[PDB]
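Peer 1: In PDB author numbering, the protein residues as written are 1316 to 1434.
There's a structure below that I have some questions on.
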Ligand SMILES: CNc1ccccc1S(C)(=O)=O
């Protein structure tokens, strides 16, 4: 019932994601010189360094907010891809499956801890 435990759990999951070769295209903001039309397609850029820095700054109040930003990395990739079999899109699908498999318990434990706090 530790209400604060999600933060270190999210730090550890971000570390695993940065160790994954599939996270390479998503570790830093998309290069606007290489993809000059990116901001025409994508309203809210997001990347894993921005997520990690937001967490370390103490600017997430809950793991749901961190989830929303990570899911935005994956939806931006889906929105930009010219095809459903593109290399970078396919890397984002595998990384998304890995992230969802691991964030499930972090979200459940946090929500359970908050319910216990208000019992
Ligand atoms: C070729 N680049 C690509 C393809 C599909 C999805 C995302 C990207 S991006 C601009 O985020 O690197």
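Even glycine gets a Cβ: it sits at the ideal position worked out from N, Cα and C.
(1) If you run the structure through DSSP and keep just helix, strand and coil, what is residue 1371?
(2) If I'm right that residue 1342 touches residue 1363 with Cβ under 8 Å, what's the distance once you round it to whole angstroms?
(3) I want to check one thing, is the minimum distance from the CB of residue 1360 to the heavy atoms of ligand 1 below 7 Å?
(4) Answer yes or no: the CB of residue 1403 versus the heavy atoms of ligand 1, is any distance below 7 Å?
(5) Please classify residue 1375 as buried or exposed, where buried requires at least 16 neighbouring CB atoms within 10 angstroms.
(6) At which residue ranges does the stretch 1348–1406 contain complete alpha helix (DSSP H) runs of 4 or more residues, listed in the order of the chain?
(7) In the stretch 1321–1346, which residue ranges form an unbroken alpha helix (DSSP H) of at least 4 residues, counting only runs that do not cross its ends?
Peer 2: By the coordinates alone:
(1) Along the chain shown, one-based indexing puts residue 1371 at 56. Shown here, residue 1371 sits in a helix according to DSSP, grouped into three states.
(2) Translated into the one-based positions of the chain shown, residue 1342 becomes position 27. Translated into the one-based positions of the chain shown, residue 1363 becomes position 48. Contact between residue 1342 and residue 1363 holds, with the beta-carbon distance rounding to 5 Å and staying under 8 Å.
(3) Taking the first residue of the chain shown as position 1, residue 1360 is located at position 45. For residue 1360, the distance from the CB to the nearest heavy atom of ligand 1 is not below 7 Å.
(4) Along the chain shown, read from residue 1 onward, the residue named residue 1403 stands at position 88. Yes.
(5) For the purposes of this step, residue 1375 is identified with residue 60 of the chain shown, where counting begins at 1. Classification of residue 1375: buried, given that the 10 Å Cβ count is 16 or more.
(6) Runs of the alpha helix (DSSP H) inside the stretch 1348–1406: 1353–1356, 1363–1371 and 1378–1395.
(7) For the stretch 1321–1346, whole alpha helix (DSSP H) runs of length 4 or above, ordered along the chain, are 1321–1334.
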